[PDB]
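Next come structure tokens for two forms of one protein chain, structure 1 first, structure 2 second.
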Structure 1
């Protein structure tokens, strides 16, 4: 066991899909995995392991924010042999042409967190996904006939930001979605020697204020899960 995960080596597959919401992890386990068993419930952060088309796969919540997901991804990498993390999250759009339920793939993640400056001597660490994992997700989306944009996310510390003008800067620089985790997960992957990718579904539009419900976020973002799971199968080959 680790301080936040009551499990043992082998309980997790070498690939873990991670939404922020543990109830979405449970939905993924029930809907997409066969023979799923629950492997963690410390702090209610449900994690499960099962098979997808014969391939061992885990799915576990990571909580909201860089500090929360950095705990879980670290422990999985250092004590559970996890080689790849695929975050399957929600995000808010700033660009006019990005719509609710669009799927975005974060090849990079900007951030207003200090965590990577702490790692990188106060310089600019480009928080990037693993290239092969990005390519796997693009190819899986194409085979599924699901559109997906590839580019930069913005990992915010404040969902309720006091700096509304920064959204204009994100829009200027082409940010595809605002979420709260990717840059921290990518920093962990680099620090602890694993590979990661963030895929998000647009759940809110920051300008129009249109927003999905909590239930919709929990059980209706299926395109993104299919892409993630099929991308693993491509990577295995």
Structure 2
């Protein structure tokens, strides 16, 4: 057990899908995994382990923000033998050509957090995904007929940012999505020698207020999860 995960070595697979919302974790388990067992309830951060076409897979919430997800991802790498983390989340878009419900794959993750500076002697750590995991995700998306853009995310510490102008800077430098975790997860993976990827669906445009249905959200969310799970099977080869 660790302070935030009441479980032992072997309860988690070597690969873990992590939505922000732990309710979405329970939904992943019942919708995609066979023979699923609950492996964590500490703080209501529900975690499960089952199989997807024979492959052992886990899914657990990480919570909003770099500090929350850094706790869970670290404990998984160092205490539960986890080799790969796939964040499966939502993000807001700043580019007019990036559309609602697009799948975005974060090869890199910008941030305004200080966590990587603390790690990297106050220099610029390029918070990057594992390259094979990125390609695996792109190829799985192609096989599912989903076109996916690959590029930079921005991991914000403040959802309610007092710096509105920063969104224009993000746009100028090609940021595909604004979320709150990738740069933290990528930092942890590098620190403790594991691999990570963040995939997000665009749920918001910080531009116009445009609408989606609940049905449209479920279908797009299911597509991201399919992408992530099929990406794992490609990574196994």
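Positions refer to the first chain, counted from 1. Residues that one form lacks are left out of the comparison. Rigid core here is just the name for the largest C-alpha set that superposes within 1.5 Å across the two forms.
- Residue 51 is not among the residues whose C-alpha shifts by 2 Å or more between the two structures once the rigid core is aligned; its shift stays under 2 Å.
- Taking 2 Å as the criterion, residue 172 does not count as shifted between the two structures: its C-alpha moves by less than this amount when the rigid core is aligned.
- Relative to the superposed rigid core, the position of the CA of residue 68 differs between the two structures by less than 2 Å.
- Its Cα shifted by 5.7 Å between the two structures, residue 220 is reported here after superposition on the rigid core.
- On a core-based overlay, residue 99 has a Cα shift of 1.4 Å between the two structures.
- After superposing on the rigid core, the one stretch of 3 or more consecutive residues whose C-alphas move by 2 Å or more between the two structures is 209-220.
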